[PDB]
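Scroll down for the structure; my scribbles are underneath it.
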Amino acid sequence: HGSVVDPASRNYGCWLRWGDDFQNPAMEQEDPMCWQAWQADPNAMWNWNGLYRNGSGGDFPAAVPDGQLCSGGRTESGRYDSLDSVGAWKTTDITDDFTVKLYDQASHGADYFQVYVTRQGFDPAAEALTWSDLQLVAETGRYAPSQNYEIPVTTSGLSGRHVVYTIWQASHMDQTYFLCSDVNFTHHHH
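As numbered in the working numbering, residues -3 to 186 make up the sequence shown, in order.
Quick look at the structure:
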């Protein structure tokens, strides 16, 4: 099990940044989207590595309705429901060309990865995430089992706030991870 750690997914980032002080009321001002997520279900963050469905068979929109992409279609009885919320999620700066880095403790492998990004014109802070807002920008073949997978991604013409949607088809069984990462496209490297 695992997640996208760079650019960190929504719940991996909420866990890493707040797990030591997850009850802090100041989070309401400093990180509203993590705050509403911690409020609704701390297990969205404690179980950050479990954002998967079993048995999807590659038909991904059929199991993940519009507005439910980041919760993985309310998998695990909506444990990750609050990751679907619309607002000013904290972003990671990336450039047009960027790498998606997964962490997989158990080295399950991957049959393939799909990386989508929200099209220019979509505002994740004001609009619900739907499949028609996404554009496929990377798609890979199989990855042998490892503890880290890296997907190189090349894009052009993108600027400002987007969501990256990484789909991880695990190799050990029909298990698929649906990982939203908030990003900010700039010319600045860091």
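Ideal Cβ positions, reconstructed from N, Cα and C, are used throughout, including at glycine.
In or out: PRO21 buried (at least 16 other Cβ within 10 Å) or exposed?
Translated into positions along the sequence shown, residue 21 becomes position 25. Classification for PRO21: exposed.
When the Cα of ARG13 is compared with those of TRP34, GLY(-2), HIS(-3), which residue comes out closest?
On the sequence shown, position 17 is the one that residue 13 refers to. Taking only the C-alpha atoms, the option nearest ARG13 is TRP34.
Drop a sphere of 10 angstroms on the beta-carbon of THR95, count the other beta-carbons inside from all chains shown, and report buried for 16 or more, exposed for fewer.
Mapped onto the sequence shown, residue 95 falls at position 99. When all chains shown are included, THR95 counts as exposed.
Local Cβ density within 10 Å of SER73, reported as buried at 16 or more and exposed below that
As a position in the sequence shown, residue 73 is number 77, starting the count at 1. The residue in question, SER73, is exposed, as its Cβ has fewer than 16 Cβ neighbours within 10 Å.
Give me the residue from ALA102, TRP85, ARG75 with the minimum Cα distance to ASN144.
The residue you call residue 144 lines up with position 148 of the sequence shown. Nearest C-alpha to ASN144 among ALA102, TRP85, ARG75: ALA102.
Does DSSP classify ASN45 as helix, strand or coil?
To locate residue 45, count along the sequence shown from 1; it is residue 49. Helix.
Do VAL60 and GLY69 count as a contact pair if the criterion is CB distance below 7 Å?
For the purposes of this step, residue 69 is taken as residue 73 along the sequence shown, with counting starting at 1. For the purposes of this step, residue 60 is taken as residue 64 along the sequence shown, with counting starting at 1. Inclusion of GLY69 and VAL60 in the CB contact set at 7 Å is warranted, their separation being smaller than that value.
Under the DSSP definition of a beta bridge, which residues are partnered with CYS176?
Reading the sequence shown from its first residue, position 180 is the one you call residue 176. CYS176 pairs with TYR161.
Nearest-angstrom Cα separation, counted from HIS158 out to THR88:
What you label residue 88 is simply residue 92 of the sequence shown in a count that begins at 1. What you label residue 158 is simply residue 162 of the sequence shown in a count that begins at 1. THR88 and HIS158: Cα-Cα distance of roughly 10 Å.
Mark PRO120 as exposed unless 16 or more other C-beta atoms lie within 10 angstroms of its C-beta, in which case mark it buried.
As a first step, residue 120 must be located in the sequence shown, where it is residue number 124. It counts as buried.
For residue 265, the first and last residue of its enclosing beta strand (DSSP E)
Absent from the model: residue 265. The displayed extent of the chain is -3 to 186, so no value can be given.
I'd like to check one pair, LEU132 with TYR112: are the Cβ atoms closer than 7 Å?
Here residue 112 refers to the residue found at position 116 of the sequence shown. Here residue 132 refers to the residue found at position 136 of the sequence shown. Yes. Within cutoff.
Nearest-angstrom beta carbon gap, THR126 and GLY63 [assumed within contact, 8 Å]
Residue 63 sits at position 67 when you count from the first residue of the sequence shown. Residue 126 sits at position 130 when you count from the first residue of the sequence shown. Correct: roughly 6 Å between the Cβ atoms.
Pairwise C-alpha distance: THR172 and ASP37
Counting from one through the sequence shown, the residue named residue 37 turns up at place 41. Counting from one through the sequence shown, the residue named residue 172 turns up at place 176. Roughly 21 Å between the two C-alpha positions.
By how many angstroms is the C-alpha of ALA134 removed from the C-alpha of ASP170?
For the purposes of this step, residue 170 is identified with residue 174 of the sequence shown, where counting begins at 1. For the purposes of this step, residue 134 is identified with residue 138 of the sequence shown, where counting begins at 1. Those two C-alpha atoms are separated by around 21 Å.
Distance, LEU154 Cα to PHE118 Cα:
Taking the sequence shown and counting its residues from 1, one reaches residue 118 at position 122. Taking the sequence shown and counting its residues from 1, one reaches residue 154 at position 158. C-alpha separation (whole angstroms): 11 Å.
Reduced DSSP category for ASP80 - H, G, I as helix; E, B as strand; rest coil:
In the sequence shown, residue 80 corresponds to position 84, counting from 1. Helix at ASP80.
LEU175 to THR162 span [Cα, whole Å]:
Along the sequence shown, read from residue 1 onward, the residue named residue 175 stands at position 179. Along the sequence shown, read from residue 1 onward, the residue named residue 162 stands at position 166. Taking the straight line from one Cα to the other gives about 5 Å.
Outcome for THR91 when other beta-carbon atoms lying within 10 angstroms are tallied against a minimum of 16:
Along the sequence shown, read from residue 1 onward, the residue named residue 91 stands at position 95. It is exposed - the Cβ of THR91 has fewer than 16 other Cβ atoms within 10 Å.
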